[PDB]
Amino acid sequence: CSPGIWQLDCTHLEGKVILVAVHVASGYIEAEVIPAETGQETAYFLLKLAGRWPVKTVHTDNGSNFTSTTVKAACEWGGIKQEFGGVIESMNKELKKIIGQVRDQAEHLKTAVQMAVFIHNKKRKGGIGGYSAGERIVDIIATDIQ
């Protein structure tokens, strides 16, 4: 389901792990520095994400954390279908870029990451009244409720 498909992947900065989720159909993202690239941390991130948006399918790579039994259980509980097997790469790249631009503006990396996410989701680039990723996701989900 186009409105319920997300892609997850981990990227790294300053020796830290950043878990990233992208709503494919809109470009909206959610990211967060996790203490360790474990299935436990990944499962925790997934539950929060699923309680927020209609997460039906998550696409990830071969990563141990994503293939873990704990993430599997989280997905079954949340009714999320998994697929291990474009977009997420671009996001990690651009997220790192924005993080770079605002890095000085905050003490810890985790804060910079959230500033970057905010900037990315609020960012526009269409006409004088196009749409931001944040606006596209709610529009997509709203129109799908009817």
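Start at 1 and count along the sequence shown; that's the residue number.
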For the neighbouring pair residue 51 and residue 52, the stretch of deposited sequence with no coordinates amounts to none
Residue stretch of maximal mean CA temperature factor, 64-72 vs 100-108 | 100-108
Quick note on 117-125 and 28-36: per-entry mean CA temperature factor is higher in 117-125
Pick out which of 80, 87, 95, 43 has the highest C-alpha B-factor in the PDB entry.
-> 87
Of the three thirds of the chain ranked by Cα temperature factor, residue 55 occupies the middle
Entry-reported C-alpha B-factor of residue 8 relative to its chain, by third, is lowest
